[PDB]
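For reference, the structure is listed below as structure tokens.
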Amino acid sequence: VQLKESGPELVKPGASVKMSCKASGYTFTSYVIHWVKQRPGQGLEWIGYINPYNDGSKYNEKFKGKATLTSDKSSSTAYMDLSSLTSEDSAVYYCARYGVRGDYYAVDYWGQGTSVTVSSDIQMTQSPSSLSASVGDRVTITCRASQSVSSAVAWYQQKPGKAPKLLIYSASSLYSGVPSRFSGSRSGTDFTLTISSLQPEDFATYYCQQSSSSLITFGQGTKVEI
Amino acid sequence: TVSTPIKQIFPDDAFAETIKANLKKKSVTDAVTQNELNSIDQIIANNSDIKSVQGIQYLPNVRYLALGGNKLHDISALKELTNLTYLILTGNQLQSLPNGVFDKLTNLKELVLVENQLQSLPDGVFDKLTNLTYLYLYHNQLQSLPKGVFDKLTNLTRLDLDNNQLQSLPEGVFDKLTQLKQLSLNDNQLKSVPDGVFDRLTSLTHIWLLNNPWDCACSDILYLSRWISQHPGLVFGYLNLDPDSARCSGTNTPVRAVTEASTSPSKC
Amino acid sequence: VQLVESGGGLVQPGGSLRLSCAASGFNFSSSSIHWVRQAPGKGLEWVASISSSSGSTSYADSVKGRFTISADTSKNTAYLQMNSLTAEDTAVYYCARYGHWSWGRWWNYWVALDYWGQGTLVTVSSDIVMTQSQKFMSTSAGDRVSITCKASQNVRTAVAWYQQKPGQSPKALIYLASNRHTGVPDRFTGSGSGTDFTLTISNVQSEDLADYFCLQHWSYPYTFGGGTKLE
Amino acid sequence: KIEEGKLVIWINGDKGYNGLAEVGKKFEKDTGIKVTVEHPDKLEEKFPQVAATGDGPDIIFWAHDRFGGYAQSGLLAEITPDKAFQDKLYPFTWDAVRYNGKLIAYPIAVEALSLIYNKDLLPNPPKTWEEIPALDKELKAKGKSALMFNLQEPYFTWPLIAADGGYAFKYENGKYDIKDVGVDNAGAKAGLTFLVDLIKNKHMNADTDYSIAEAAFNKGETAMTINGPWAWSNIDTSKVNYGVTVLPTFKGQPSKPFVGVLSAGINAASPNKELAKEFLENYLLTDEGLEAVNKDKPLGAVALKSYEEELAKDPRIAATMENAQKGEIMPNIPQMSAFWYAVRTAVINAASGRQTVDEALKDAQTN
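Residue numbers (our numbering), protein chains in the order written: chain A, 1 to 226; chain B, 1001 to 1268; chain C, 2001 to 2231; chain D, 3001 to 3367.
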């Protein structure tokens, strides 16, 4: 008895993968075949189950727009088609049975596993994640691009529940209308937002954005608290 | 003498509307004494889109409550309706039964829980409904069953478990019925029934086993095969007597055609 | 000067949705229009872009082939068509003008999204939790270890344990709270019911160093534990 | 013609030719290939004429706008850098050297016209063009001037032309629309009209060229000039304490210069192609390489990821890029050749009194 999964894949983002699981040693059509995802680094995640008799299928609601589960009772195979791929789908995938015997419920046997790798960037790192400096203080927020970018950075402010307004463009220039106390500066690959004084309306989140090469990327955000 | 308008007893507008329909009333803020509440023996609110039956606690005479194709979450108001005789809860999305919601309804004769997203039954829900004749549990998503879940319904004559996801029945789950004349198990996920599960249903005339993934390669199926062979005039399908409706899985050959030498216990 | 979005709301997984962004107050035919989405929880993610004149389109890999940006210069509106949507698309979608360098190439290098739309909410909808209170263990042969795994809700005796050593598929150690799946030594025993489950291992041996996790199959979705790797 | 074993390079006379030959002899001392850097007059026009007969240089340096006309007649060799040397340059700059799906040149640096002003005389430069005829009279009590810059080349007068909504060709639906030319719109008509007024009110002279515009700011005779980063070296020497800042706005809109990238293309007819790609890829587009050029005459914002970071501190590059970010980049379509010829004739005819503004631009649109 054993489940045999298709061979490894490597696909570009946005494209398709369908993998197979060939049951052997029991009566394939009378026992359900779950599917489990496992990303290098974190725990397992359950995808769906499709029982090769009807065959109907529950999906985990995180996957319901991606995973499609099919099976052919003739060739004792269950299939899983994952589209369209992104790079978060880079993982090992498994199939395993759900066997019962009146009072014996388990998953029994897992397939050897199908590895999927997906790829063909700029990461803006802000410091700190959240600060807490008072009215009047000199706040300095630093944001460091992974790869070398020109003076291409911008700085936005986002009060809770409203669209971001823009503060600094091209790394040092004050945008129109923006107050005097705001300022930008560049030292190679780290970019510094500084507010000289601090007025009570500054207490909101601050994003940096790099566009030297579109794919456009933002920071994780710095939160300024009262 | 408490002149109490209907919409306070029953917060649900649609539900209060069935009350206004039940008493022959003109508006919906009219006053209603307890006396006229106790004129309500039956509440057919089948197919009328009711969210909460909060307030049906104070209808002491509902002998006939059929609430179908509704949006019920909370039937906890139904456990004080001792005089409930027929309960029909269909089309409602209730995922679970409270432990002990049916404990009090000792006058239940027929219980139709149908088309809910039931995945399990509580360990003893039916335990007090000893006068039960007709139990209809069909189109639920049940997978396993509790042990002796039916051990108290000694007067049962019709049991409908069809169209669930029953993967296996517990040992002797049917041992204490002895009055059942109709049992349905079609459209479920059974590979095999327990050794001698039907051996004491000495009043049984109709049984449905079709549309199950019966596993005629495992040796546990032998019992079902030798039973279909003994009682073919007992097995039904859609048209009439079809004792060949209990098909194997993947071969589609009749179960009653499975011979001992054609299986192996090493598989299951 | 303003940008008014529309078309958000409720969409079933796999479904589609078209967002619109009505522009006025600027030369719209010489500006780029960008869509940036924000999860309820995380930062701003740039999704798609377009130059209202060159028709040029670019997308983030996370929507490639599912999303289609466009614009109508005569009606000053840009639309983001979003097909085959997943739950992790649920977010507020913002629309923002670039203006400047666009209307040549470089139309999407170096933006400053000065003006933004008010945003619009997209929700893609049509759960039990197993916590392994220790990610790392430590022990030596003739061992002592017990691995705990506690559910967020009441899984009624329906929990299983899995031994996974590297480069392998998980072994199945214990099913239904307490049963030693066939072939598993007497050395492994599983304990508990309800919210609270344990896997105890005794003389631990060199072949027992692997990563153990738990799985509840009571309710849906089936959910696993974090994993516990042994020293 | 050109022999094989020798590279003949052409680069315009205002760039840092002397420093490029320095890199050429670096190439010599360890490959043995002689390199000759020459700076012929009207380089950009002699090349299509000599290349189609067979010969000319191996490598030509110019802005990227004329390389389209070149590649369209097949005078340039398609270049094939591997995707790992492509990563040594900003993924920005490789668009300006891509004519018809193929790569036809190497990007060296990004040029942009900035405002250069005498800090010792005009400490606060004008935010707008409107205030220069008034600033002029205030500097005619000294005998100074207010502003002077090349009027011979439309490259320099265009930031004021394209200010209020002027343009070369409309980039609509994947293509530059050749028959949609914006040299008559209300903006160009009003941009050149304001340029004309400055001449007949004698705040500039229609005869000014490059050789008296820079040759007046380096002696402090004029307060402001409009030039690119290549003029900095000559100014640096004269020890005129100057600054480089953003151009004046014209009727609210900012001055929108046309941006070019200095690009190196390879003659299709050269027998020395691989030698020519060794020089560019291994020696010129390096740190030690561009630094040699940049020290002769600065290049602006270099396209090499590496050496750009080292010049970041420079407040003069920032003004260059801050001013490039206003206004778009030069189309490279084969019609740019006839575009510039049409504009320097309409500017000259209107700076001189021959036709007025409406009459000078209506000519230029008839292609």
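Positions of the beta carbon are idealized from the N, C-alpha and C atoms, including for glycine.
Which of helix, strand or coil does DSSP assign to residue 33(A)? strand
Residue 188(A) at chain D interface by Cβ criterion, 8 Å: yes
Outcome for residue 1065(B) when other beta-carbon atoms lying within 10 angstroms are tallied against a minimum of 16: buried
With DSSP as the reference, please indicate the residues paired to residue 21(A) in a beta bridge. 5(A) and 78(A)
My output table needs one value for residue 1063(B): the three-state DSSP class, helix, strand or coil. Here residue 1063(B) carries a coil assignment [DSSP, helix/strand/coil].
Could you tell me the alpha carbon to alpha carbon distance between residue 1244(B) and residue 1116(B), rounded to whole angstroms? 30 Å
In chain A, which residues lie with their C-beta within 7 Å of the C-beta of residue 2066(C)? In chain order: 84.
Please report how far the alpha carbon of residue 2099(C) lies from the alpha carbon of residue 2075(C), in whole angstroms. 17 Å
Under a CB-based cut-off of 8 Å, is residue 2034(C) close to chain G? The displayed structure is made up of protein chains A, B, C and D, and chain G is not among them.
Can we say the segment 1089 to 1099 of chain B touches the segment 1117 to 1129 of chain B, given the rule of at least three CB pairs closer than 8 Å? Put simply, the segment 1089 to 1099 of chain B touches the segment 1117 to 1129 of chain B. At least three CB pairs are less than 8 Å apart.
For residue 3260(D), which residues from the same chain have a beta carbon less than 7 Å from its beta carbon, with the 5 sequence-adjacent residues on both sides left out? 3063, 3064, 3065, 3111 and 3330
Proximity below 8 Å, CB of residue 2128(C) to CB of residue 2216(C): yes
Taking 7 Å as the limit between beta carbons, can you name the residues of its chain near residue 2029(C), skipping five residues before and five after? If we look at residue 2029(C) and ignore the five residues flanking it on each side, its Cβ neighbours are 2052, 2053 and 2073.
Please go through the same chain and pick out, in chain order, the residues whose beta-carbon is closer than 6 Å to the beta-carbon of residue 57(A), but skip the five residues on each side of it. 48, 50 and 69
Could you spell out where the beta strand (DSSP E) holding residue 124(A) opens and where it closes? Residue 124(A) -> beta strand (DSSP E) spans 124 to 127.
Within a Cβ cutoff of 7 Å, which residues of the same chain sit near residue 2002(C), ignoring the five residues on either side of it in sequence? 2024 and 2025
Contacts around residue 1007(B), its chain only, beta-carbon distance under 8 Å, and the 5 residues preceding and following it disregarded: 1013, 1016, 1028 and 1029
With a 10 Å radius around its C-beta and 16 neighbouring C-beta atoms as the bar for buried, classify residue 164(A) as buried or exposed. buried
Contacts of residue 73(A) in chain B (Cβ-Cβ under 8 Å): 1250
Would you say residue 2080(C) reaches chain A, if we count a Cβ-Cβ gap shorter than 8 Å as a contact? No, because no Cβ of chain A sits closer than 8 Å to the Cβ of residue 2080(C).
Would residue 1189(B) and residue 1212(B) be called neighbours here (beta carbons separated by less than 8 Å)? yes
So the candidates are 3173(D), 3187(D), 3042(D) and 3079(D); which of them puts its Cα closest to the Cα of residue 3166(D)? With distances taken between Cα atoms, residue 3166(D) lies closest to 3187(D).
Check the Cβ-Cβ distances between residue 131(A) and every residue of chain C, and say whether any is below 8 Å. no
Assuming residue 3367(D) and residue 3067(D) form a contact by the criterion Cβ under 8 Å, report the distance between their Cβ atoms to the nearest whole angstrom. The pair is not a contact, with the Cβ atoms about 21 Å apart (cut-off 8 Å).
Below 8 Å on the Cβ atoms is my contact criterion, and I expect residue 1005(B) with residue 1054(B) to pass it. Report the Cβ-Cβ distance as a whole number of Å. Between residue 1054(B) and residue 1005(B) the Cβ distance is about 15 Å, and since that is not below 8 Å, they are no contact.
Is the segment 3210 to 3223 of chain D touching the segment 3168 to 3177 of chain D, taking contact as three or more C-beta pairs under 8 Å? Taking 8 Å as the limit for Cβ pairs, the verdict is that the segment 3168 to 3177 of chain D does not touch the segment 3210 to 3223 of chain D.
Scan the segment 3074 to 3107 of chain D for residues whose Cβ lies nearer than 7 Å to a Cβ of chain A and list them as they occur along the chain. 3090, 3091 and 3092
Along chain A, which residues have their Cβ under 9 Å away from the Cβ of residue 2161(C)? In chain order: nothing, as chain A lies at least about 11 Å away.
Rounded C-alpha distance that separates residue 142(A) from residue 3350(D): A straight line joining the alpha-carbon of residue 142(A) with that of residue 3350(D) spans about 52 Å.
Contacts of residue 151(A) in chain D (Cβ-Cβ under 8 Å): Within 8 Å Cβ-Cβ: 3312, 3318 and 3321.
Whole angstroms are fine: how far does the CA of residue 2132(C) sit from the CA of residue 2227(C)? Taking the straight line from one Cα to the other gives about 7 Å.
Using only the alpha-carbon positions, how far apart do residue 3341(D) and residue 2057(C) sit? 33 Å
In terms of residue numbering, what span does the beta strand (DSSP E) encompassing residue 2050(C) cover? 2044 to 2051
Contacts of residue 1117(B) in chain C (Cβ-Cβ under 8 Å): What residue 1117(B) touches in chain C: nothing, since even the nearest Cβ is about 10 Å away.
For residue 3212(D), which three-state DSSP category applies? helix
Using a threshold of 8 Å, state whether the C-beta atoms of residue 3035(D) and residue 3046(D) are closer than that. No.
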